[PDB]
file start.pdb (PDB, N, CA and C atoms)
ATOM      1  N   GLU A   1     -21.780 175.813   2.290
ATOM      2  CA  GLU A   1     -21.947 177.004   3.169
ATOM      3  C   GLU A   1     -23.420 177.157   3.532
ATOM      4  N   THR A   2     -23.739 176.879   4.798
ATOM      5  CA  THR A   2     -25.120 176.982   5.290
ATOM      6  C   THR A   2     -26.105 176.276   4.346
ATOM      7  N   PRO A   3     -26.448 175.012   4.633
ATOM      8  CA  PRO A   3     -27.384 174.244   3.797
ATOM      9  C   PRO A   3     -28.821 174.743   3.927
ATOM     10  N   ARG A   4     -29.184 175.150   5.146
ATOM     11  CA  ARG A   4     -30.534 175.656   5.419
ATOM     12  C   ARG A   4     -31.565 174.535   5.312
ATOM     13  N   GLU A   5     -31.774 174.043   4.092
ATOM     14  CA  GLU A   5     -32.739 172.968   3.866
ATOM     15  C   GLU A   5     -32.368 171.730   4.680
ATOM     16  N   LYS A   6     -31.076 171.407   4.686
ATOM     17  CA  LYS A   6     -30.591 170.246   5.429
ATOM     18  C   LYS A   6     -31.251 168.965   4.915
ATOM     19  N   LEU A   7     -30.966 168.633   3.659
ATOM     20  CA  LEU A   7     -31.533 167.432   3.053
ATOM     21  C   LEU A   7     -30.986 166.186   3.741
ATOM     22  N   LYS A   8     -31.844 165.524   4.511
ATOM     23  CA  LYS A   8     -31.439 164.317   5.225
ATOM     24  C   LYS A   8     -31.630 163.085   4.346
ATOM     25  N   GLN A   9     -32.872 162.864   3.919
ATOM     26  CA  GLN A   9     -33.187 161.714   3.072
ATOM     27  C   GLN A   9     -32.863 160.413   3.801
ATOM     28  N   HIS A  10     -33.906 159.740   4.277
ATOM     29  CA  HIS A  10     -33.727 158.481   4.996
ATOM     30  C   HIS A  10     -33.057 157.440   4.103
ATOM     31  N   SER A  11     -33.309 157.541   2.799
ATOM     32  CA  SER A  11     -32.724 156.601   1.848
ATOM     33  C   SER A  11     -31.937 157.350   0.772
ATOM     34  N   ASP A  12     -31.038 158.225   1.217
ATOM     35  CA  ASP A  12     -30.218 159.004   0.288
ATOM     36  C   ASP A  12     -29.380 158.077  -0.587
ATOM     37  N   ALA A  13     -28.813 157.050   0.039
ATOM     38  CA  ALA A  13     -27.990 156.085  -0.685
ATOM     39  C   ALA A  13     -28.840 154.906  -1.158
ATOM     40  N   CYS A  14     -29.910 154.622  -0.416
ATOM     41  CA  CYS A  14     -30.796 153.515  -0.768
ATOM     42  C   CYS A  14     -31.619 153.836  -2.020
ATOM     43  N   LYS A  15     -31.688 155.118  -2.384
ATOM     44  CA  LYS A  15     -32.446 155.522  -3.566
ATOM     45  C   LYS A  15     -31.730 155.097  -4.851
ATOM     46  N   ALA A  16     -30.417 154.873  -4.755
ATOM     47  CA  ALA A  16     -29.628 154.467  -5.922
ATOM     48  C   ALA A  16     -30.219 153.220  -6.587
ATOM     49  N   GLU A  17     -30.950 152.424  -5.808
ATOM     50  CA  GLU A  17     -31.562 151.209  -6.341
ATOM     51  C   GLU A  17     -32.846 150.885  -5.585
ATOM     52  N   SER A  18     -32.735 150.800  -4.263
ATOM     53  CA  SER A  18     -33.894 150.492  -3.431
ATOM     54  C   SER A  18     -34.789 151.722  -3.283
ATOM     55  N   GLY A  19     -35.348 152.168  -4.405
ATOM     56  CA  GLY A  19     -36.223 153.331  -4.401
ATOM     57  C   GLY A  19     -37.675 152.911  -4.590
ATOM     58  N   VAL A  20     -38.088 151.898  -3.832
ATOM     59  CA  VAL A  20     -39.459 151.397  -3.921
ATOM     60  C   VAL A  20     -40.458 152.512  -3.598
ATOM     61  N   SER A  21     -41.194 152.940  -4.620
ATOM     62  CA  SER A  21     -42.182 153.999  -4.445
ATOM     63  C   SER A  21     -43.399 153.473  -3.692
ATOM     64  N   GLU A  22     -44.391 154.339  -3.512
ATOM     65  CA  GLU A  22     -45.609 153.954  -2.805
ATOM     66  C   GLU A  22     -46.498 153.097  -3.707
ATOM     67  N   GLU A  23     -45.995 151.918  -4.063
ATOM     68  CA  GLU A  23     -46.747 151.004  -4.919
ATOM     69  C   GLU A  23     -46.838 149.630  -4.263
ATOM     70  N   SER A  24     -45.692 148.965  -4.150
ATOM     71  CA  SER A  24     -45.649 147.645  -3.531
ATOM     72  C   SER A  24     -45.853 147.768  -2.025
ATOM     73  N   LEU A  25     -45.368 148.875  -1.466
ATOM     74  CA  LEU A  25     -45.500 149.118  -0.032
ATOM     75  C   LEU A  25     -46.974 149.198   0.358
ATOM     76  N   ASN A  26     -47.753 149.900  -0.461
ATOM     77  CA  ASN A  26     -49.181 150.047  -0.196
ATOM     78  C   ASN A  26     -49.870 148.687  -0.235
ATOM     79  N   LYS A  27     -49.397 147.826  -1.133
ATOM     80  CA  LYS A  27     -49.969 146.488  -1.267
ATOM     81  C   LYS A  27     -49.813 145.702   0.032
ATOM     82  N   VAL A  28     -48.771 146.031   0.795
ATOM     83  CA  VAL A  28     -48.520 145.348   2.064
ATOM     84  C   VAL A  28     -49.701 145.538   3.018
ATOM     85  N   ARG A  29     -50.414 146.655   2.858
ATOM     86  CA  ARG A  29     -51.566 146.946   3.713
ATOM     87  C   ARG A  29     -52.594 145.818   3.638
ATOM     88  N   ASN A  30     -52.664 145.172   2.477
ATOM     89  CA  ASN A  30     -53.606 144.074   2.283
ATOM     90  C   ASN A  30     -52.869 142.738   2.297
ATOM     91  N   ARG A  31     -53.599 141.674   2.621
ATOM     92  CA  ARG A  31     -53.004 140.342   2.668
ATOM     93  C   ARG A  31     -52.788 139.805   1.254
ATOM     94  N   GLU A  32     -51.886 140.452   0.523
ATOM     95  CA  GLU A  32     -51.588 140.039  -0.846
ATOM     96  C   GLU A  32     -50.186 139.440  -0.930
ATOM     97  N   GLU A  33     -49.278 139.967  -0.111
ATOM     98  CA  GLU A  33     -47.900 139.480  -0.097
ATOM     99  C   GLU A  33     -47.248 139.679  -1.461
ATOM    100  N   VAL A  34     -46.345 140.653  -1.536
ATOM    101  CA  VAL A  34     -45.650 140.942  -2.789
ATOM    102  C   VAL A  34     -44.137 140.832  -2.590
ATOM    103  N   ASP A  35     -43.501 140.011  -3.421
ATOM    104  CA  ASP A  35     -42.056 139.821  -3.332
ATOM    105  C   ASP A  35     -41.328 140.832  -4.213
ATOM    106  N   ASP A  36     -40.459 141.624  -3.590
ATOM    107  CA  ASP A  36     -39.700 142.632  -4.325
ATOM    108  C   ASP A  36     -38.408 142.977  -3.578
ATOM    109  N   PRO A  37     -37.321 143.260  -4.311
ATOM    110  CA  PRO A  37     -36.029 143.601  -3.697
ATOM    111  C   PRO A  37     -36.029 144.990  -3.061
ATOM    112  N   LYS A  38     -36.433 145.991  -3.843
ATOM    113  CA  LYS A  38     -36.475 147.368  -3.350
ATOM    114  C   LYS A  38     -37.358 147.475  -2.106
ATOM    115  N   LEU A  39     -38.382 146.629  -2.046
ATOM    116  CA  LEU A  39     -39.297 146.636  -0.908
ATOM    117  C   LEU A  39     -38.562 146.238   0.371
ATOM    118  N   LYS A  40     -38.020 145.023   0.372
ATOM    119  CA  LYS A  40     -37.292 144.525   1.537
ATOM    120  C   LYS A  40     -36.042 145.364   1.787
ATOM    121  N   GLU A  41     -35.395 145.777   0.701
ATOM    122  CA  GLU A  41     -34.180 146.582   0.807
ATOM    123  C   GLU A  41     -34.481 147.940   1.434
ATOM    124  N   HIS A  42     -35.493 148.617   0.896
ATOM    125  CA  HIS A  42     -35.878 149.938   1.399
ATOM    126  C   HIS A  42     -36.185 149.888   2.897
ATOM    127  N   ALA A  43     -36.846 148.814   3.323
ATOM    128  CA  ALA A  43     -37.205 148.655   4.735
ATOM    129  C   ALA A  43     -35.971 148.745   5.632
ATOM    130  N   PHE A  44     -34.941 147.972   5.293
ATOM    131  CA  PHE A  44     -33.704 147.977   6.077
ATOM    132  C   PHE A  44     -33.108 149.385   6.122
ATOM    133  N   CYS A  45     -33.339 150.146   5.058
ATOM    134  CA  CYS A  45     -32.826 151.512   4.983
ATOM    135  C   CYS A  45     -33.482 152.383   6.055
ATOM    136  N   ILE A  46     -34.709 152.025   6.434
ATOM    137  CA  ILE A  46     -35.434 152.786   7.454
ATOM    138  C   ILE A  46     -35.109 152.247   8.843
ATOM    139  N   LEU A  47     -34.907 150.934   8.921
ATOM    140  CA  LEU A  47     -34.592 150.291  10.196
ATOM    141  C   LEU A  47     -33.289 150.848  10.771
ATOM    142  N   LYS A  48     -32.279 150.958   9.913
ATOM    143  CA  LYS A  48     -30.978 151.469  10.340
ATOM    144  C   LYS A  48     -31.077 152.931  10.771
ATOM    145  N   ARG A  49     -32.027 153.655  10.182
ATOM    146  CA  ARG A  49     -32.207 155.068  10.513
ATOM    147  C   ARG A  49     -33.137 155.232  11.713
ATOM    148  N   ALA A  50     -34.116 154.338  11.816
ATOM    149  CA  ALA A  50     -35.075 154.393  12.919
ATOM    150  C   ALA A  50     -34.365 154.262  14.264
ATOM    151  N   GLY A  51     -33.245 153.544  14.265
ATOM    152  CA  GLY A  51     -32.480 153.347  15.490
ATOM    153  C   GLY A  51     -32.826 152.008  16.135
ATOM    154  N   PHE A  52     -33.182 151.036  15.299
ATOM    155  CA  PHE A  52     -33.533 149.708  15.794
ATOM    156  C   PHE A  52     -32.370 148.746  15.583
ATOM    157  N   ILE A  53     -32.089 148.453  14.317
ATOM    158  CA  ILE A  53     -30.996 147.548  13.977
ATOM    159  C   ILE A  53     -29.693 148.332  13.820
ATOM    160  N   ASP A  54     -28.576 147.685  14.135
ATOM    161  CA  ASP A  54     -27.277 148.344  14.028
ATOM    162  C   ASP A  54     -26.640 148.075  12.668
ATOM    163  N   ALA A  55     -25.601 148.850  12.364
ATOM    164  CA  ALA A  55     -24.885 148.721  11.093
ATOM    165  C   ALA A  55     -24.389 147.291  10.846
ATOM    166  N   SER A  56     -24.309 146.482  11.904
ATOM    167  CA  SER A  56     -23.824 145.109  11.757
ATOM    168  C   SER A  56     -24.962 144.151  11.406
ATOM    169  N   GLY A  57     -26.187 144.519  11.771
ATOM    170  CA  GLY A  57     -27.340 143.678  11.469
ATOM    171  C   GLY A  57     -27.851 142.945  12.708
ATOM    172  N   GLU A  58     -27.519 143.466  13.888
ATOM    173  CA  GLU A  58     -27.965 142.846  15.131
ATOM    174  C   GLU A  58     -29.372 143.322  15.475
ATOM    175  N   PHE A  59     -30.330 142.400  15.424
ATOM    176  CA  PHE A  59     -31.719 142.745  15.724
ATOM    177  C   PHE A  59     -31.872 143.161  17.184
ATOM    178  N   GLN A  60     -32.653 144.217  17.400
ATOM    179  CA  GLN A  60     -32.894 144.722  18.750
ATOM    180  C   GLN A  60     -34.393 144.726  19.039
ATOM    181  N   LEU A  61     -34.907 143.562  19.421
ATOM    182  CA  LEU A  61     -36.332 143.420  19.712
ATOM    183  C   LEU A  61     -36.703 144.095  21.029
ATOM    184  N   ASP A  62     -35.734 144.202  21.935
ATOM    185  CA  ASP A  62     -35.988 144.829  23.231
ATOM    186  C   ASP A  62     -36.468 146.270  23.052
ATOM    187  N   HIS A  63     -36.015 146.905  21.973
ATOM    188  CA  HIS A  63     -36.408 148.283  21.693
ATOM    189  C   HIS A  63     -37.678 148.314  20.846
ATOM    190  N   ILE A  64     -37.833 147.304  19.994
ATOM    191  CA  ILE A  64     -39.005 147.218  19.126
ATOM    192  C   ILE A  64     -40.257 146.903  19.944
ATOM    193  N   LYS A  65     -40.177 145.842  20.742
ATOM    194  CA  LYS A  65     -41.314 145.424  21.563
ATOM    195  C   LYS A  65     -41.791 146.561  22.473
ATOM    196  N   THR A  66     -40.837 147.264  23.076
ATOM    197  CA  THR A  66     -41.168 148.368  23.973
ATOM    198  C   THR A  66     -41.928 149.462  23.230
ATOM    199  N   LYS A  67     -41.529 149.706  21.985
ATOM    200  CA  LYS A  67     -42.171 150.739  21.175
ATOM    201  C   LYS A  67     -43.636 150.397  20.914
ATOM    202  N   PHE A  68     -43.870 149.207  20.368
ATOM    203  CA  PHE A  68     -45.231 148.772  20.066
ATOM    204  C   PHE A  68     -46.048 148.610  21.348
ATOM    205  N   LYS A  69     -45.363 148.310  22.449
ATOM    206  CA  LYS A  69     -46.043 148.124  23.730
ATOM    207  C   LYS A  69     -46.536 149.458  24.282
ATOM    208  N   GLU A  70     -45.592 150.330  24.633
ATOM    209  CA  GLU A  70     -45.935 151.643  25.184
ATOM    210  C   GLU A  70     -46.865 152.408  24.243
ATOM    211  N   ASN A  71     -48.007 152.833  24.778
ATOM    212  CA  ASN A  71     -48.985 153.575  23.984
ATOM    213  C   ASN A  71     -49.475 152.727  22.815
ATOM    214  N   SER A  72     -50.564 151.998  23.046
ATOM    215  CA  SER A  72     -51.130 151.143  22.006
ATOM    216  C   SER A  72     -52.581 150.801  22.328
ATOM    217  N   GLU A  73     -53.282 150.255  21.339
ATOM    218  CA  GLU A  73     -54.681 149.883  21.525
ATOM    219  C   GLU A  73     -54.784 148.562  22.282
ATOM    220  N   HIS A  74     -53.866 147.648  21.982
ATOM    221  CA  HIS A  74     -53.862 146.345  22.640
ATOM    222  C   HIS A  74     -52.428 145.809  22.755
ATOM    223  N   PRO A  75     -51.561 146.517  23.492
ATOM    224  CA  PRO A  75     -50.162 146.099  23.675
ATOM    225  C   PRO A  75     -50.038 144.886  24.592
ATOM    226  N   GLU A  76     -49.667 143.749  24.005
ATOM    227  CA  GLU A  76     -49.516 142.516  24.777
ATOM    228  C   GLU A  76     -49.083 141.365  23.872
ATOM    229  N   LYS A  77     -49.627 141.341  22.658
ATOM    230  CA  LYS A  77     -49.294 140.285  21.705
ATOM    231  C   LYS A  77     -48.100 140.674  20.828
ATOM    232  N   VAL A  78     -47.756 141.964  20.812
ATOM    233  CA  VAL A  78     -46.631 142.428  19.998
ATOM    234  C   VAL A  78     -45.335 141.738  20.427
ATOM    235  N   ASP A  79     -45.041 141.791  21.728
ATOM    236  CA  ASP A  79     -43.817 141.178  22.267
ATOM    237  C   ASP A  79     -43.622 139.751  21.745
ATOM    238  N   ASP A  80     -44.689 138.960  21.795
ATOM    239  CA  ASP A  80     -44.618 137.581  21.320
ATOM    240  C   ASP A  80     -44.503 137.554  19.799
ATOM    241  N   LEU A  81     -45.195 138.489  19.154
ATOM    242  CA  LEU A  81     -45.175 138.572  17.696
ATOM    243  C   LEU A  81     -43.801 139.014  17.195
ATOM    244  N   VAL A  82     -43.106 139.807  18.011
ATOM    245  CA  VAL A  82     -41.778 140.298  17.637
ATOM    246  C   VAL A  82     -40.825 139.131  17.382
ATOM    247  N   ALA A  83     -40.948 138.088  18.194
ATOM    248  CA  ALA A  83     -40.086 136.916  18.049
ATOM    249  C   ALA A  83     -40.337 136.208  16.719
ATOM    250  N   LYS A  84     -41.613 136.061  16.369
ATOM    251  CA  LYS A  84     -41.983 135.377  15.129
ATOM    252  C   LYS A  84     -41.763 136.270  13.908
ATOM    253  N   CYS A  85     -41.887 137.580  14.101
ATOM    254  CA  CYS A  85     -41.710 138.517  12.992
ATOM    255  C   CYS A  85     -40.240 138.893  12.823
ATOM    256  N   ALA A  86     -39.539 139.027  13.946
ATOM    257  CA  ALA A  86     -38.120 139.388  13.919
ATOM    258  C   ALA A  86     -37.214 138.154  13.806
ATOM    259  N   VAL A  87     -37.652 137.148  13.051
ATOM    260  CA  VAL A  87     -36.852 135.936  12.888
ATOM    261  C   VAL A  87     -35.525 136.259  12.207
ATOM    262  N   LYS A  88     -34.428 135.924  12.882
ATOM    263  CA  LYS A  88     -33.098 136.180  12.332
ATOM    264  C   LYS A  88     -32.896 135.389  11.043
ATOM    265  N   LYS A  89     -32.799 136.109   9.930
ATOM    266  CA  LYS A  89     -32.608 135.464   8.634
ATOM    267  C   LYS A  89     -31.131 135.442   8.256
ATOM    268  N   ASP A  90     -30.844 134.906   7.073
ATOM    269  CA  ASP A  90     -29.466 134.822   6.596
ATOM    270  C   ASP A  90     -28.831 136.210   6.490
ATOM    271  N   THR A  91     -29.666 137.246   6.407
ATOM    272  CA  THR A  91     -29.154 138.610   6.298
ATOM    273  C   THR A  91     -30.008 139.575   7.125
ATOM    274  N   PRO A  92     -29.424 140.701   7.559
ATOM    275  CA  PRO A  92     -30.145 141.703   8.362
ATOM    276  C   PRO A  92     -31.176 142.477   7.544
ATOM    277  N   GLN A  93     -30.781 142.877   6.339
ATOM    278  CA  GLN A  93     -31.679 143.631   5.468
ATOM    279  C   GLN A  93     -32.943 142.830   5.150
ATOM    280  N   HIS A  94     -32.865 141.509   5.298
ATOM    281  CA  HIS A  94     -34.021 140.660   5.026
ATOM    282  C   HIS A  94     -35.064 140.828   6.126
ATOM    283  N   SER A  95     -34.648 140.553   7.364
ATOM    284  CA  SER A  95     -35.537 140.674   8.526
ATOM    285  C   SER A  95     -36.290 142.008   8.530
ATOM    286  N   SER A  96     -35.684 143.026   7.914
ATOM    287  CA  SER A  96     -36.295 144.357   7.860
ATOM    288  C   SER A  96     -37.714 144.301   7.292
ATOM    289  N   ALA A  97     -37.852 143.662   6.133
ATOM    290  CA  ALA A  97     -39.159 143.551   5.484
ATOM    291  C   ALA A  97     -40.162 142.840   6.390
ATOM    292  N   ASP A  98     -39.667 141.884   7.169
ATOM    293  CA  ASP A  98     -40.532 141.129   8.074
ATOM    294  C   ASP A  98     -41.180 142.051   9.105
ATOM    295  N   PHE A  99     -40.487 143.138   9.442
ATOM    296  CA  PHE A  99     -41.012 144.084  10.425
ATOM    297  C   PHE A  99     -42.170 144.889   9.840
ATOM    298  N   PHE A 100     -42.000 145.345   8.602
ATOM    299  CA  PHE A 100     -43.040 146.133   7.942
ATOM    300  C   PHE A 100     -43.908 145.241   7.052
ATOM    301  N   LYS A 101     -44.252 144.069   7.576
ATOM    302  CA  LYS A 101     -45.084 143.123   6.840
ATOM    303  C   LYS A 101     -45.747 142.159   7.815
ATOM    304  N   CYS A 102     -44.916 141.496   8.617
ATOM    305  CA  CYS A 102     -45.406 140.543   9.615
ATOM    306  C   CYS A 102     -46.457 141.193  10.519
ATOM    307  N   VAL A 103     -46.055 142.268  11.190
ATOM    308  CA  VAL A 103     -46.959 142.979  12.093
ATOM    309  C   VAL A 103     -48.169 143.529  11.335
ATOM    310  N   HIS A 104     -47.986 143.794  10.044
ATOM    311  CA  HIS A 104     -49.073 144.328   9.225
ATOM    312  C   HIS A 104     -50.008 143.211   8.768
ATOM    313  N   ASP A 105     -49.452 142.014   8.598
ATOM    314  CA  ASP A 105     -50.250 140.872   8.159
ATOM    315  C   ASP A 105     -50.636 139.998   9.351
ATOM    316  N   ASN A 106     -50.875 140.642  10.490
ATOM    317  CA  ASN A 106     -51.254 139.916  11.699
ATOM    318  C   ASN A 106     -52.772 139.808  11.801
ATOM    319  N   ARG A 107     -53.260 138.576  11.900
ATOM    320  CA  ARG A 107     -54.698 138.342  12.004
ATOM    321  C   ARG A 107     -55.244 138.953  13.290
ATOM    322  N   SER A 108     -56.471 139.462  13.214
ATOM    323  CA  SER A 108     -57.103 140.076  14.379
ATOM    324  C   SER A 108     -57.752 139.008  15.256
TER     325      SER A 108
END
call {"tool": "encode", "arguments": {"input": "start.pdb", "output": "structure tokens"}}
result
Amino acid sequence: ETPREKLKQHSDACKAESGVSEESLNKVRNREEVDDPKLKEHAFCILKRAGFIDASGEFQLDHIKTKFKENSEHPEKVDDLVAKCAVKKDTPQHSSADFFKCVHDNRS
């Protein structure tokens, strides 16, 4: 009866296991490269909510490239980088981590 707060939680179900705190994610900021399940898993949890990838795992670069393109400091290399970063892997949840890592580990 009237939630008021309206707890959404981007990873309400992903928290059951993929509850990667601000530890390994922060490491992504630096060129250290850290392998972790909750990390890659948590990412997909945001991708599905962000409105990029579908419940089936179909990558949508047309929407990703446009996002990084429109309003940016140097929008032009993202589109090409999207192809190399959005490489279709054996699973959809995998490619997710590539989005929040590849673009972050891009040489200037």
call {"tool": "closest_residue", "arguments": {"input": "start.pdb", "among": "A:10, A:77, A:69, A:63", "to": "residue 46 (chain A)", "atoms": "only C-alpha atoms"}}
result
A:10
call {"tool": "atom_distance", "arguments": {"input": "start.pdb", "atom1": "atom C of residue 41 (chain A)", "atom2": "atom C of residue 100 (chain A)"}}
result
11.3 Å
call {"tool": "resolve_selection", "arguments": {"input": "start.pdb", "expression": "the PyMOL selection byres ((chain A and resi 42) around 8)", "output": "list in words"}}
result
residues 11, 14, 15, 17, 18, 19, 20, 36, 37, 38, 39, 40, 41, 43, 44, 45, 46, 47, 93, 96 and 97 of chain A
call {"tool": "resolve_selection", "arguments": {"input": "start.pdb", "expression": "the PyMOL selection byres ((chain A and resi 92) around 8)", "output": "list in words"}}
result
residues 44, 56, 57, 58, 59, 88, 89, 90, 91, 93, 94, 95, 96 and 97 of chain A
call {"tool": "resolve_selection", "arguments": {"input": "start.pdb", "expression": "the PyMOL selection byres ((chain A and resi 79) around 8)", "output": "PyMOL selection string"}}
result
chain A and resi 61+64-66+68-69+75-78+80-84
call {"tool": "closest_residue", "arguments": {"input": "start.pdb", "among": "A:101, A:6, A:49, A:107", "to": "residue 25 (chain A)", "atoms": "only C-alpha atoms"}}
result
A:101
call {"tool": "select_by_dssp", "arguments": {"input": "start.pdb", "residues": "region 1-92 of chain A", "states": "helix (DSSP H, G or I)", "output": "ChimeraX atom specification"}}
result
/A:14-16,24-27,37-50,61-69,78-85,92
call {"tool": "atom_distance", "arguments": {"input": "start.pdb", "atom1": "CA of residue 104 (chain A)", "atom2": "CA of residue 28 (chain A)"}}
result
7.3 Å
call {"tool": "axis_aligned_box", "arguments": {"input": "start.pdb", "around": "region 58-76 of chain A", "padding_each_side": "3 Å", "output": "AutoDock Vina command-line options"}}
result
--center_x -41.2 --center_y 147.5 --center_z 19.5 --size_x 33.3 --size_y 18.2 --size_z 17.3
call {"tool": "atom_distance", "arguments": {"input": "start.pdb", "atom1": "CA of residue 103 (chain A)", "atom2": "atom C of residue 54 (chain A)"}}
result
21.0 Å
call {"tool": "build_atoms", "arguments": {"input": "start.pdb", "residues": "region 84-101 of chain A", "atoms": "N, CA, C and O atoms", "output": "JSON list (two decimals), keeping the file's coordinate frame"}}
result
[["chain", "number", "residue", "atom", "x", "y", "z"],
["A", 84, "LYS", "N", -41.61, 136.06, 16.37],
["A", 84, "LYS", "CA", -41.98, 135.38, 15.13],
["A", 84, "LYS", "C", -41.76, 136.27, 13.91],
["A", 84, "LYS", "O", -41.50, 135.78, 12.81],
["A", 85, "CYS", "N", -41.89, 137.58, 14.10],
["A", 85, "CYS", "CA", -41.71, 138.52, 12.99],
["A", 85, "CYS", "C", -40.24, 138.89, 12.82],
["A", 85, "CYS", "O", -39.75, 139.06, 11.71],
["A", 86, "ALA", "N", -39.54, 139.03, 13.95],
["A", 86, "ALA", "CA", -38.12, 139.39, 13.92],
["A", 86, "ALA", "C", -37.21, 138.15, 13.81],
["A", 86, "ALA", "O", -36.13, 138.11, 14.39],
["A", 87, "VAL", "N", -37.65, 137.15, 13.05],
["A", 87, "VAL", "CA", -36.85, 135.94, 12.89],
["A", 87, "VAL", "C", -35.52, 136.26, 12.21],
["A", 87, "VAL", "O", -35.49, 136.80, 11.10],
["A", 88, "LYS", "N", -34.43, 135.92, 12.88],
["A", 88, "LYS", "CA", -33.10, 136.18, 12.33],
["A", 88, "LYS", "C", -32.90, 135.39, 11.04],
["A", 88, "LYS", "O", -32.84, 134.16, 11.06],
["A", 89, "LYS", "N", -32.80, 136.11, 9.93],
["A", 89, "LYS", "CA", -32.61, 135.46, 8.63],
["A", 89, "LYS", "C", -31.13, 135.44, 8.26],
["A", 89, "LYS", "O", -30.27, 135.89, 9.02],
["A", 90, "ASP", "N", -30.84, 134.91, 7.07],
["A", 90, "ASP", "CA", -29.47, 134.82, 6.60],
["A", 90, "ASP", "C", -28.83, 136.21, 6.49],
["A", 90, "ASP", "O", -27.61, 136.34, 6.48],
["A", 91, "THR", "N", -29.67, 137.25, 6.41],
["A", 91, "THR", "CA", -29.15, 138.61, 6.30],
["A", 91, "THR", "C", -30.01, 139.57, 7.12],
["A", 91, "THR", "O", -31.19, 139.32, 7.37],
["A", 92, "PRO", "N", -29.42, 140.70, 7.56],
["A", 92, "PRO", "CA", -30.14, 141.70, 8.36],
["A", 92, "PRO", "C", -31.18, 142.48, 7.54],
["A", 92, "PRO", "O", -32.30, 142.71, 7.99],
["A", 93, "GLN", "N", -30.78, 142.88, 6.34],
["A", 93, "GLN", "CA", -31.68, 143.63, 5.47],
["A", 93, "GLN", "C", -32.94, 142.83, 5.15],
["A", 93, "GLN", "O", -33.97, 143.40, 4.78],
["A", 94, "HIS", "N", -32.86, 141.51, 5.30],
["A", 94, "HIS", "CA", -34.02, 140.66, 5.03],
["A", 94, "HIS", "C", -35.06, 140.83, 6.13],
["A", 94, "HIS", "O", -36.21, 141.20, 5.87],
["A", 95, "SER", "N", -34.65, 140.55, 7.36],
["A", 95, "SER", "CA", -35.54, 140.67, 8.53],
["A", 95, "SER", "C", -36.29, 142.01, 8.53],
["A", 95, "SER", "O", -37.38, 142.12, 9.08],
["A", 96, "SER", "N", -35.68, 143.03, 7.91],
["A", 96, "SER", "CA", -36.30, 144.36, 7.86],
["A", 96, "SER", "C", -37.71, 144.30, 7.29],
["A", 96, "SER", "O", -38.66, 144.83, 7.88],
["A", 97, "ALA", "N", -37.85, 143.66, 6.13],
["A", 97, "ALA", "CA", -39.16, 143.55, 5.48],
["A", 97, "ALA", "C", -40.16, 142.84, 6.39],
["A", 97, "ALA", "O", -41.35, 143.15, 6.38],
["A", 98, "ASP", "N", -39.67, 141.88, 7.17],
["A", 98, "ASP", "CA", -40.53, 141.13, 8.07],
["A", 98, "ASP", "C", -41.18, 142.05, 9.10],
["A", 98, "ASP", "O", -42.28, 141.78, 9.59],
["A", 99, "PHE", "N", -40.49, 143.14, 9.44],
["A", 99, "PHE", "CA", -41.01, 144.08, 10.42],
["A", 99, "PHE", "C", -42.17, 144.89, 9.84],
["A", 99, "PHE", "O", -43.19, 145.10, 10.49],
["A", 100, "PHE", "N", -42.00, 145.34, 8.60],
["A", 100, "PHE", "CA", -43.04, 146.13, 7.94],
["A", 100, "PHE", "C", -43.91, 145.24, 7.05],
["A", 100, "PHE", "O", -44.26, 145.60, 5.93],
["A", 101, "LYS", "N", -44.25, 144.07, 7.58],
["A", 101, "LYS", "CA", -45.08, 143.12, 6.84],
["A", 101, "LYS", "C", -45.75, 142.16, 7.82],
["A", 101, "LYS", "O", -46.97, 142.02, 7.85]]
